[PDB]
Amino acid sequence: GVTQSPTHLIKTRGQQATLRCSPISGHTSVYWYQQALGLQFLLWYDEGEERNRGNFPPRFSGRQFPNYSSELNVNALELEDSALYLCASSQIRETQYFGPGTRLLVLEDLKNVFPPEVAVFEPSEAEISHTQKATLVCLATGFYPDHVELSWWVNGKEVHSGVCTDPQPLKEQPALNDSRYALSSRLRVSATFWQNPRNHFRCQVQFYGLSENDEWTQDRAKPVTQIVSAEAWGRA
């Protein structure tokens, strides 16, 4: 598959970003697209050469290396540059295959960047008696920005069956051009399964924050990229 780095990036107005892409082995063409507020076309490379370019300032620029991986580089970043930047490879004029994207956020400053707090809520006794099913709920609150990935782990192994996480998150203070965020997810297993003290249930959130090299202006903890989690053993 097509790969991209990095997955997320926060940047302050006026800084510069470098995004990486590798095409599918065999593919010799690379396409960059910007998806903001439907995708817009940025650049096309084949065999190391810029073949074509969309309607973007010279601030946006890139290149492709001899092994066909490429770099997109943006320079005098603006708030409007905030977007999912997608990379694709293909044989010319054939099917396009897309990578997972670089989710790039450009802010005026970082002072409003907060990691989440994470907590887990054990199933009610009322549910189990009623349905023979147990729903754990995880809550991730107070984060900004919306750059999070939530996963459940049961006995140290990732789980998708029986899981729902919110399509996309809600603002802690709805009327506010800068609010913090919340997100919930449920995990449902059977009655007997939760009622078994050996079983370990972990909810976790991967927060994508500031990097080690970001300038920090504030007194509180530096809101770096990290993992906040909560756990709960099955109560018999």
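Heads up: residue numbers just count along the shown sequence, starting at 1.
Using the PDB record, quantify the missing residues of the deposited sequence between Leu37 and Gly38 as none, 1 to 3, 4 to 9, or 10 or more.
Per the record, 1 to 3 deposited residues are absent between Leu37 and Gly38.
Going by the B-factors listed in the PDB entry, is the mean over the C-alpha atoms higher for 3-11 or for 226-234?
Comparing averages over the C-alpha atoms only gives 226-234.
With reference to the PDB entry, specify whether the mean Cα temperature factor is higher for 159-167 or for 84-92.
Taking the mean B-factor of the alpha carbons in each, 159-167 is higher.
Splitting the chain's C-alpha B-factors into thirds, which one does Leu42 fall into?
It falls in the bottom third of the chain.
Taking only the Cα B-factors deposited for this chain, tell me whether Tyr68 sits in the lowest, middle or highest third.
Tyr68: CA B-factor falls in the middle third of its chain.
Position of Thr28 among the chain's modelled residues by C-alpha B-factor, lowest, middle or highest third:
It belongs to the lowest third of the chain when residues are ordered by C-alpha B-factor.
Based on the entry's values, in what third of the chain does the Cα temperature factor of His200 lie: lowest, middle or highest?
Its C-alpha B-factor belongs to the highest third of this chain's values.
Grab the CA temperature factor for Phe98 from the record and place it in the lowest, middle or highest third of its chain.
Bottom third by C-alpha B-factor.
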